[PDB]
Every structure is written in structure tokens, then in C-alpha cells.
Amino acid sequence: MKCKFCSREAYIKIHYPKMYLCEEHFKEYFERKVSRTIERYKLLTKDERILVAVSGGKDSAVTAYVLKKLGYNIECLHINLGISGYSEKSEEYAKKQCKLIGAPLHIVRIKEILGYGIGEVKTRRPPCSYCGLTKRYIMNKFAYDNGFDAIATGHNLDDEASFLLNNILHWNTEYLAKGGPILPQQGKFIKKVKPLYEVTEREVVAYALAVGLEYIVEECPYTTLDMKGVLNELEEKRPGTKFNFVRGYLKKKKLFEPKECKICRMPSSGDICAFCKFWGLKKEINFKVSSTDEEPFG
């Protein structure tokens, strides 16, 4: 097959709208779509200082890559989970990505600041579950401490769809109230946006490979995959299913709609916050930085 817009060999078939595209015209389509998403939902403006949490996975990598190419002011943060025999390679993937992207990369090593790696704490709570708590907290407090205006994550259409299906099966109506491409700044919660909201996981894979981004497959090696497979099954039966599901969700989201921590002063239900209680912290963590390990002199 040949590209819709030139004589080059097709690199990928895009379903909506229907067109075969070569590598370069696919890149352009992908970048335009992401730009369209930012515009439609008013996610970002070019004056904002944006932080991208880069796990070394494809999604956050492509996010930082495209925001950069689009001309946004982005810096990246990699949160090293402290798993011996795992996290070192992950951090290396994130570093290589940011070098390629040309974004400053800040690193927080959980094991260094908290004393323990993910999967080393004496608790029966699943490693990846307190991992999620810990990571979200650090992303936000780092963004906050350093005066960032926004955090962009790499959640794509397939992520939103699978998260939606999962939370509906479990009737997690609280989670269901808080979906969509944007969580507006609210107190010490920094604005969080999802620029890849409307691109598919398949398009993300294709984009990374097109621009020479290399990535790891699994951030925490300790369901979503079940949901994605189910949704992929349904999608092949009835193309348009995933998109239709999310669109419907955005319209009905409203139906799910019905302090400061004594340690770190970040938002807290209860007087001491979840992060602080779990980690047994008596003192605040200061994530303020004046430079990166890679550019110590500015």
C-alpha cells in the first residue's frame, strides 16, 4: 500500500479516518492529533512549565517527546522504584529517552529518600499498590516544590478505556468521578493532564518506533491487561467501541460526582496524609532542586 499523501510505502493503517500513512505522515498525524487534544480540552498553554513523569515506558516517553516537538516547555522526572536488578535498567531507559528528547531529567530514588525499594516494605499491601500511592505523591510534591504549572502523563485512549471498564466492574464510583483528560489545579494538587487522551496504544507503539524511542515494558514487575484484551476483542468485533465508550463516559461523568497534612502540608483527608502515614514520616520531604545531575552547573 502507498501513503495517502505521497508515493512512499505505507507505514501504518489509520482507521479514523481511514488512510494509509508513511512514517513521516504518520508522525505528523500523531503530533497533530495530540495538538488537537491539548487545544480541545485546554490542557496546556505554551507559557506553562510542564513536568512529565518518565517511567522509561513508551507512553510517558512519547508524551515528553511530542510535547517537546510541539514546542512546550517541558522537564522530566523519573521516579526510581528501588528494585534491585530492575530499576537500574529502567532509569537508564528514561535517561536515554530524555537525552534523545532533549529535556532536562530529574531523578528521585525512592530507596534513597525513603530507605526501602518497592517490594521491600513489611506490609501485605501489593508492592504495585503502595507504588502507585508513592509515585503519585512524589510527582505532585516535586511539581509543587519546584513551581511547575502542570504535570502531563502518558495515559492514552486504551488506558482510559481499560481503567473505565475496570472501575465499572468494581463499581469504584469515586475513581469514576475523577476521569477524563484533565484534573484542574486544586490547592497544592498541581494540574494533571493527559495529552495522549485520543491516540490509541497501537499508535503510541508505532510512534515510538518511528522516532527511535526505546522503552521498557513494565515499570512495576509485581488486570488492566485483562481489560485491554477484552476491549481489543470487542473492538475487532465492533470497531469504534473504545472511542464510543469513552465519549459516552465524558458525557455522563457528572453522575458520579456526589485539609493540610500535619507533616508535609500537602492535601490530606485526615490530619496526617496517606503517604506520610504509610511511610511513617515525621518530616517533610523537600523536592526543590537548583539543577540536574547531568547539568550540575545549570
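Each residue number is its position in the shown sequence, starting from 1.
- The gap between residue 258 and residue 259 holds 4 to 9 unmodelled residues of the deposited sequence.
- Where residue 222 is followed by residue 223 in the displayed chain, the model omits 4 to 9 of the deposited residues that sit between the two.
- According to the PDB record, 231-239 carries the higher mean C-alpha B-factor of the two stretches 29-37 and 231-239.
- Look at the C-alpha B-factors of 275-283 and of 20-28. On average they run higher in 275-283.
- Residue-level inspection of the entry shows that, of 153, 73, 166, 200, 73 has the top Cα B-factor.
- For the set 89, 188, 78, 170, the maximum C-alpha B-factor listed in the entry falls on 188.
- Split the chain's modelled residues into thirds by C-alpha temperature factor. Residue 111 is in the middle one.
- Split the chain's modelled residues into thirds by C-alpha temperature factor. Residue 142 is in the lowest one.
- In the PDB entry, a CA B factor belonging to the lowest third of its chain's modelled residues is recorded for residue 134.
- In this PDB entry, residue 43 carries a Cα temperature factor that places it within the middle third of its chain's modelled residues.
- Remark: residue 101 belongs to the middle third of its chain, ranked by C-alpha B-factor as recorded.
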